[PDB]
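Heads up: the structure comes next, in structure tokens.
Heads up: numbering here begins at 1 and tracks the sequence. Numbering of ligands and ligand atoms starts at 1, following listing order. These numbers come from the heavy atoms of this one structure, side chains and all, not from hydrogens, waters or symmetry mates.
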Amino acid sequence: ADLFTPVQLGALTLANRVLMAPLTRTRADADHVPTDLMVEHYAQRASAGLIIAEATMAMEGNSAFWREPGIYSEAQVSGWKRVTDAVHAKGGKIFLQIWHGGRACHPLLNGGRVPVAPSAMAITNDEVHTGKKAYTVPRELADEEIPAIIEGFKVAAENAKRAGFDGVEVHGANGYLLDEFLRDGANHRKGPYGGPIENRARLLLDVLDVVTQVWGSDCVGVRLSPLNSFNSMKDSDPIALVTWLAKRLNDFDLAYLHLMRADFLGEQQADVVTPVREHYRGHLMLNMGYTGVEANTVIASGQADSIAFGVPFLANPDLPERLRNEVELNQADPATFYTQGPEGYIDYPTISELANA
Ligand SMILES: Cc1cc2nc3c(=O)[nH]c(=O)nc-3n(C[C@H](O)[C@H](O)[C@H](O)COP(=O)(O)O)c2cc1C
Ligand code: NA
């Protein structure tokens, strides 16, 4: 196979293996409802084999980025339905990444509410823009409060189904709530959700269980980032962590496992792709730093089943055609990743627009 071979993912048929990774762009409205801009932006990218829509707040009152979308309210379901209808009308496929920001939900973004976490320890290697402010110490969740978080993900997953998505991706990565429980640098707690790997993975696995009850497992993916240092994250043994999870996630019959293979900050290095491919029997989606040539190489070698592209798909609405034809890519402008408005969001050109009609 290569990037342009169709692939089965759950019971969906994806047209190609050029997928769009989830990208927070903070273009939702003040009530966290998707906007006309988001409809146009995702519709422009519907030639992707699959779009994974950006981190979306599962539960009310957990903002980390000010204007991210949510999937807890009726207006949000209706807003997201505009997005999924536009993508389907172009023949694309789209999953929703459902997310709880955990200790990254700064009090100043949430009317003074104290964020929750597996342990009362703040993020220290990143700041929040609100002005630029240090993260605060989160409250340690009691064991008895964890059922309401699981229920919150179940309701988010039911709402995502009503909004017309083809499936959901559970956000188990990048230092947010599920990843904070998973990795021992952020999870110091005792009891059934702390200590050994199987306990630290319990919350993620309990979420996957309820979300699969809503959707059927072949419509649920999970994203993991075992080496990412972002938001003060570390595991003391990432190889053992991903090996255990690769084996255990077979039992959930997921649509896919979406593995970020490296560290945003370049501090933690290990080969996590090899033991994940060896032990995980399902669909392996890889991400981080793939070019078209490398992506074809790793699909053809059998090391991954698909590749999710982040910044290249942000900046190239027609990335699959560009990679197919070996045409130069548009350059991304990081200055507009998180601004408001259409500039740097819906105005990156296609090949044919570039040719100036
Ligand atoms: C502007 C921006 C927003 C992002 N938002 C998310 C997100 O919402 N959820 C997530 O899991 N990863 C997010 N990421 C990480 C991307 O999905 C992706 O892993 C990263 O860009 C590296 O992939 P690439 O090398 O193909 O760009 C974001 C990255 C950027 C640059
Ligand atoms: Na506490």
Side-chain angles (χ1 to χ4, degrees), residues 3 18-28 38 41-42 45 48 50-58 63-65 67-71 95-104 114-122 126 129 136-143 145 168-179 188-190 221-231 233 257-266 285-292 294-295 298 304 306-316 319 323 329-339 344-345 348:
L3 275 171
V18 184
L19 316 187
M20 179 188 185
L23 296 157
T24 288
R25 306 297 307 283
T26 58
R27 256 80 176 188
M38 306 181 38
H41 175 82
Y42 283 112
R45 285 152 182 78
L50 175 72
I51 288 163
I52 308 158
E54 64 209 283
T56 290
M57 198 189 313
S63 179
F65 315 116
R67 298 265 199 111
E68 65 269 89
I71 188 53
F95 273 31
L96 183 61
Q97 188 183 54
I98 41 178
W99 157 86
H100 187 303
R103 68 188 180 168
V114 175
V116 299
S119 293
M121 162 143 50
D126 281 292
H129 293 258
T136 61
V137 187
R139 177 170 73 74
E140 178 175 332
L141 276 164
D143 284 339
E145 304 181 75
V168 294
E169 167 175 300
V170 173
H171 197 338
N174 299 338
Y176 300 115
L177 184 69
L178 302 191
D179 183 40
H188 289 355
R189 78 198 274 117
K190 270 163 263 283
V222 60
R223 194 170 212 207
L224 299 171
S225 62
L227 295 171
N228 193 1
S229 303
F230 179 51
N231 287 329
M233 281 318 288
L257 186 176
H258 184 171
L259 178 63
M260 311 174 46
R261 66 169 167 177
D263 183 1
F264 286 172
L265 313 190
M285 191 178 294
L286 303 178
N287 169 260
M288 301 200 41
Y290 286 98
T291 62
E294 192 183 7
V298 298
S306 66
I307 303 291
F309 297 81
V311 177
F313 233 135
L314 182 149
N316 295 271
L319 186 64
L323 298 179
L329 299 190
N330 299 329
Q331 219 39 33
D333 180 5
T336 45
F337 282 174
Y338 311 110
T339 43
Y345 188 55
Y348 285 100

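- Ring planes of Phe230 and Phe264: tilted class, angle from 30 to 60°.
- Using a heavy-atom distance under 4.0 Å as the criterion, the protein contacts of ligand 1 are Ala21, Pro22, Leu23, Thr24, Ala55, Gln97, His171, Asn174, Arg223, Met260, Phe264, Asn287, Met288, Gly289, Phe309, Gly310, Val311, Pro312, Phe337, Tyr338.
- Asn228 places no side-chain N or O within donor-acceptor distance of the main-chain N or O of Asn174, the cut-off being under 3.5 Å.
- Under the rule for a side chain to side chain contact (heavy atoms under 4.5 Å, CB included), the partners of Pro115 that lie at least two apart in sequence or sit in another chain are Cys105, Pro107, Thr136, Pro138.
- A side-chain donor-acceptor contact under 3.5 Å links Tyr42 and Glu54.
- One distance of note links OG1 of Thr339 with CG of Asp333; it measures 8.5 Å at 0.5 Å rounding.
- Ring orientation note: the planes of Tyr345 and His41 are close to parallel, at an angle under 30° on the 30°/60° scale.
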